[PDB]
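# A look at the structure
Listed below, chain by chain, are the residues.
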Amino acid sequence: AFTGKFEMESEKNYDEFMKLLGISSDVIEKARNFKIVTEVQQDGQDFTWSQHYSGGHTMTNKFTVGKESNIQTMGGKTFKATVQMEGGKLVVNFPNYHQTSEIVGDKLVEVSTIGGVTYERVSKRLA
């Protein structure tokens, strides 16, 4: 489905995965001590993903799968990357890191990747 409100309740290897990307220490501590809210609307091959900071800033990741698009990402800057799908899951690969999302009924989880490190998360489906 990939459609609904979600929010990051917890993380697994976020700290190190960040230390590889190279994020600022305060911003590192925020996401892990903060519920980044996450909405999604899989409107067909195009998606309207979003990553709200609880109403204030809103970063967004609109993209089209089997096509590619510019995506804002949690790295230093925007990149362009080929999002793809499989069946009950989602796929992407940027010239920077790799990531695959995977809905579970009423829960969004994601698993990022880059160099011997991988950051799982569990954006639950609630508010």
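First, a word on what this report is: a plain description of the structure on this page. (Residues numbered from 1 in each chain as written, not as in the entry; some residues may be left out. Heavy atoms only, no water.)

### Focus: the nonpolar core
- Grouped together as the largest cluster of nonpolar side chains are 27 residues, with contacts concentrated most on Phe2, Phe47, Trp49, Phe63 and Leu90.
- For this core, the elements supplying multiple residues, two or more each, are strand 1 (3-11), helix 1 (14-21), helix 2 (25-32), strand 3 (46-52), strand 6 (79-81) and strand 8 (90-93).
- The element that contributes the greatest number of residues to this core is helix 1, accounting for three residues.
- If sequence neighbours within four positions are ignored, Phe63 has contacts with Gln45, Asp46, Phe47, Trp49, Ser69, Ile71, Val83 and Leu90. (Core = buried A, V, L, I, M, F, W, Y, C linked by side-chain atoms within 4.5 Å. Buried < 20%, exposed > 50% of the residue type's maximum accessible area, 1.4 Å probe, protein only. Helix = DSSP H or I, 4+ residues; strand = E, 2+ residues; numbered from the N terminus. Contact = heavy atoms within 4.5 Å.)

### Quick notes on the side chain of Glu110
- Looking at the secondary structure, you find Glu110 in strand 10 (residues 107-113).
- Here the side chain of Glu110 touches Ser101 through a polar contact of 2.8 Å, side chain to side chain.
- Setting aside anything within four residues of it in sequence, one finds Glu110 in contact with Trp49, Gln99, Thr100, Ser101, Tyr119, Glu120, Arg121 and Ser123. (Polar contact = N/O pair within 3.5 Å; in protein donor to acceptor, adjacent residues only side chain to side chain.)

### Structural notes on the pattern of salt bridges
- Going through the model one piece at a time under the given rule, you end up with six salt bridges.
- The salt bridge involving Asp26 is made with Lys30; its shortest N-O contact spans 3.0 Å. Of the two residues, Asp26 and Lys30 are both situated in helix 2; the distance of four residues between them amounts to about one turn of the helix.
- In this structure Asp26 comes out as partly exposed when scored by relative accessible area, which is 40%.
- Bridged by salt links that share partners, the residues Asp15, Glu29 and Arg32 form one connected network. (Salt bridge = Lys/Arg side-chain N within 4 Å of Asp/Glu carboxyl O.)

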